[PDB]
Amino acid sequence: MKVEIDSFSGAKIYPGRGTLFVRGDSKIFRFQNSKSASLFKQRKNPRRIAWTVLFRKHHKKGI
Amino acid sequence: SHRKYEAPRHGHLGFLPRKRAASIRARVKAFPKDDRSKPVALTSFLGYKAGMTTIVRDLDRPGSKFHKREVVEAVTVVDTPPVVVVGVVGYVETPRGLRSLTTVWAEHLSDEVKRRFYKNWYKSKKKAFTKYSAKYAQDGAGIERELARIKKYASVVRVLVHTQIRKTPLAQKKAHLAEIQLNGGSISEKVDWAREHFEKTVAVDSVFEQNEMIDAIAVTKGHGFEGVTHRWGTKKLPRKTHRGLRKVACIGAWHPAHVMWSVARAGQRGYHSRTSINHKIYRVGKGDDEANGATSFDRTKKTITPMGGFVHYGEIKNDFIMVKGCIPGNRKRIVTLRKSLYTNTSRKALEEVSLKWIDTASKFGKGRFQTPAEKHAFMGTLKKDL
Amino acid sequence: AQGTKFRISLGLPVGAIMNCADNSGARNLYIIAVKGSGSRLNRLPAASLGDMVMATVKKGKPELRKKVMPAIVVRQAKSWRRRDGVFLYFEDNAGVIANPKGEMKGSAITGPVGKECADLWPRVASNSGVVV
RNA sequence: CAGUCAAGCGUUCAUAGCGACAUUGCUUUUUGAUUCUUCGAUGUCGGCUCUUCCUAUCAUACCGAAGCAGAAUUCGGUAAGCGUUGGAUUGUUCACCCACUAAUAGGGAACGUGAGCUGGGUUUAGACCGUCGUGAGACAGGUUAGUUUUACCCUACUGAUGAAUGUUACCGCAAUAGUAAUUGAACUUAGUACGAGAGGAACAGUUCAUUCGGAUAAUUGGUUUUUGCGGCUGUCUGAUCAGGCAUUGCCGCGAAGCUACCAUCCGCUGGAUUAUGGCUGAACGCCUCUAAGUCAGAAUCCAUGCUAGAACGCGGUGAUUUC
RNA sequence: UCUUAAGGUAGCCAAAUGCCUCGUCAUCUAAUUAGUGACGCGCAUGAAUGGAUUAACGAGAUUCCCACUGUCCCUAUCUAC
RNA sequence: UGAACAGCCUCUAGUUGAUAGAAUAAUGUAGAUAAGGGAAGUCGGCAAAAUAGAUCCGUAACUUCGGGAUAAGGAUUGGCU
């Protein structure tokens, strides 16, 4: 039951939920809410979305 | 003419009529067979359904795909405060059936149970069981004759019990009254146990234990008037049909010139007392100690209650029981648990359960964090906290 | 089947055109017949993450058509839940050519393959890439 | 459709499986014969949806017979508890083809069902083609389009109140009435029994799975009037913030509720019996499952279990109006 | 040779015209009484009682293909009245 | 706004006239949404949905040379300087 990391924003995957969507080359992405998966669906490019832990380390917010 | 394409019938022919129950608390119609060799104990308990969470257990069954491996399932938690015995009922056996011989009650009656006999408590004069308490003044001889009568006659003896409702988050203030039947020992032993427990409370640990088969009785949730499509599950009419499509196209034939009772018809769905068989107890918790939601593998200091408490019910502070699968009835609905009548040995009942992980996340949406410490650690400093 | 695969969740019913991913020359598979199901009035038989399903091709090799012929599906589109508790759904519903026993007509499949398919018929798992 | 006889098929051999030449019957799911009911009017085909009933039983359960070595297959008995599909063409009822499964058994209920629906055909009026007829017109010959009205009243059903038995409230019993679960695959058995080999099991244990039913929404999807938030377009309030309208202005996320074999859990064992196989035992000094009694035994019946509780079935218990 | 006028010429077709017919062959399909192209001793096609191709067009009828969608698998939810 | 007297909002002017209120059950009338399949339902793509404006390249068979044609099929569309 070890916790995973979300593949869109960066979170803590607890057993029970998650989406894969794969790619074809088997990158194996894991999401945590419908919001994150839906945001990935239209290629929102999580290099620009704001409220992100990925942004929390990239944009140097809350260090 | 014969049916063009035969199909299985819709709905059950053993659950009619689908009508409202006579009381909010579903009554029990069967009790475990009495064996006068075991020590006397209760065969049923009362509890209010609180909610369900997610737990992780071990899949231990030879022949399965994975052995000694993790798995997830749903488990319903019911808040069952310890019950207080207020009397016993002696049932004599007659050729026409069981008959109630006599009833004996306690000297001191709590306000919660006494409120059950009143419909307007504030306007009432609280003159309930007043002259009855005078029977115990001199030596209590007013019931010793009745006690001897219950000892001699009334081969079937059952104990009348009530719950303490001031310890639950529900703002109801009226104890629910049900009937509990004694199994084990002789009639004299059962009545002695009943009389020695007068004005006393008993814990749920003495009536239920881990790794047993437990059945649940409760009334379901009503939904009002509903057409046949969801009440029974019949095929809806096509779009091109006239005067609507959500009904039964044919309800019978010319002969007989009446509508068949087995024909699905629009009516009431829900709020029916229902019986759930083979529910497995996973763990029984105590309300007087912490680590309710902490297991041996996961020693995180947390309680069974999720973030912000259970939805529409509140928090858990008394004894709670979590059982595999869904329980009939919605939250805050009274559920009276009943032990398994038949000794199901088989293989699905002898396994040993070992809880690993307890989900205490926010069920009020899509919460992730389990404990405030984890949320603070992953969240850092805030603006609200100075 | 040398194993009892779990509860079936549908999503690939009869009348679906699904592509191919092996090296037999087949391109797309047209679902026409499914066994392992039962009988129900006005219920269209469907498929799941790996079933013994016959089909026919609609585009591709001129000789791989015009006859009923068995096939095996390796990828689905509807979300699938393993008992450990995970909602899995592959991007495109794809499958592999097969004989009634489970033998190969091509050489190797392309792309990933479900672990349940590996626990099923083993010869497709033999000539597979990554399994997940 | 089912019985009787037997010249024969079955390498020899009548009932393993068939049986000509004939005969005795069965129901009205075909079509016939009459017109007794209806022409001051029973809405006429087919299909969709749905309930129940019958056995002349396709499969499941339990058994018997076979030229039954296994498997497979054929016939028969108890048997309606349960199931009996999805699709190309045709309006089709019929018929044919593809595939599945245990198999896709045969029928009725005003040729079930139009104040439930569909309107393709038939079966008005328009119009075309071919034949007959000088002709208007006919064609159980072909094609196209062609308004399918109404329930509020009575009964019945689904549910829901309800006065009266001293009132009220609680705990209750249980006559009645319904009932539910069905079926298959895989590992071990076992490449074993059997068979020479090719071939090839069954009963226990386990994993489950098809359909159906009862519940609940923790998890996932859907639903957006939470109009909750954010963004966008046209117009208006001097501009900004904050804003109105565009019949819910649009999009993304979207809490709660609801719901989804598109989600989860669950669907019990005791007795008595049918078919049939057995014991003792005469009639019939022997034999005999039967005449008396008696054993085992089916998805059969009844109880264990569940649902509603006679609103004129019943029991116990608290207080029962100082005015 | 005949009652007479000669016995269907050029064209077309199981076509809206074919009872036999779900005629036969090829193609479309896993499967087609559907569609298209041919075969014609064609009950009963046929040249101004007019035959064919027809360029463009038809709220005319039918068949096939791509995206599409609750028509369906399999039903669920919201709104105003 | 906008190619437009298309659709929408506002100015002058006119109206606030359709018996009302509280509840939000089924079945209904009207408007939409539904993961996967994509016509497998139905006599029949019936209804709904799908592309829809402007700019740039290109646009087939046939033909009476006029058409098919917006054929089919590809890229862009905001704001500020």
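Data overview
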{"item": "Residue within the range A:34-47 that is part of a helix (DSSP H, G or I), within 11 Å of RNA strand D (Cβ to nearest atom) and among the aromatic types (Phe, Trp, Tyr) present", "result": "yes"}
{"item": "Selected residue (only one of B:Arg239, B:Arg231 is within 26 Å of the chain's Cα centre (by Cα), within 16 Å of RNA strand F (Cβ to nearest atom) and more than 14 Å from chain C (Cβ to nearest Cβ))", "result": "B:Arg231"}
{"item": "In the range C:87-128, the residues that are part of a helix (DSSP H, G or I) and either within 14 Å of chain A (Cβ to nearest Cβ) or touching a residue at least 12 places away in the same chain (Cβ under 8 Å) (or both)", "result": "C:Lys115, C:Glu116, C:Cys117, C:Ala118, C:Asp119, C:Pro122, C:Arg123, C:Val124, C:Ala125"}
{"item": "Qualifying residue in the range B:236-244 (condition: surrounded by 13 or more Cβ atoms within 10 Å (Cβ to Cβ) and more than 22 Å from B:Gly47 (Cβ to Cβ))", "result": "yes"}
{"item": "Any hit, the range B:83-98, residues being within 9 Å of RNA strand D (Cβ to nearest atom), within 14 Å of chain C (Cβ to nearest Cβ) and crowded, with 16+ Cβ neighbours inside 10 Å", "result": "no"}
{"item": "Answer residue from the range B:1-16, given it is more than 33 Å from the chain's Cα centre (by Cα) and charged (D, E, K, R) and is nearest to the other protein chains (Cβ to nearest Cβ) among those", "result": "B:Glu6"}
{"item": "All positions within the range B:242-252 that are within 14 Å of another protein chain (Cβ to nearest Cβ) and within 8 Å of RNA strand E (Cβ to nearest atom)", "result": "none"}
{"item": "Pairs with Cβ under 7 Å, 6+ apart, first in the range B:339-359 and away from chain A (no Cβ under 14 Å) and closer than 16 Å to B:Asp60 by Cα, second in a loop (DSSP other than H, G, I, E, B) and within 9 Å of RNA strand D (Cβ to nearest atom)", "result": "B:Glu351/B:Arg61"}
{"item": "A:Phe8 vs. criteria surrounded by 18 or more Cβ atoms within 10 Å (Cβ to Cβ) and away from chain C (no Cβ under 12 Å)", "result": "yes"}
{"item": "Cross-chain or 6+ apart pairs with Cβ under 7 Å, the range C:1-22 first and more than 15 Å from RNA strand F (Cβ to nearest atom), then among the acidic types (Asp, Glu)", "result": "C:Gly3/C:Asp119; C:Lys5/C:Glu116"}
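For every residue, the table says whether it meets (1) within 11 Å of RNA strand E (Cβ to nearest atom); (2) surrounded by 13 or more Cβ atoms within 10 Å (Cβ to Cβ); (3) small (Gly, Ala, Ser).
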position: C:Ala16; (1), (2), (3): yes, yes, yes
position: C:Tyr30; (1), (2), (3): yes, yes, no
position: C:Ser37; (1), (2), (3): yes, yes, yes
position: C:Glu63; (1), (2), (3): no, no, no
position: C:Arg83; (1), (2), (3): no, yes, no
position: C:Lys101; (1), (2), (3): no, no, no
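Where a number appears in this text, it was derived from the coordinates with a stated rule and is not lab data. With ideal geometry, Cβ positions are generated from the backbone for all residues, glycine too; neighbour counts draw on all protein chains shown.
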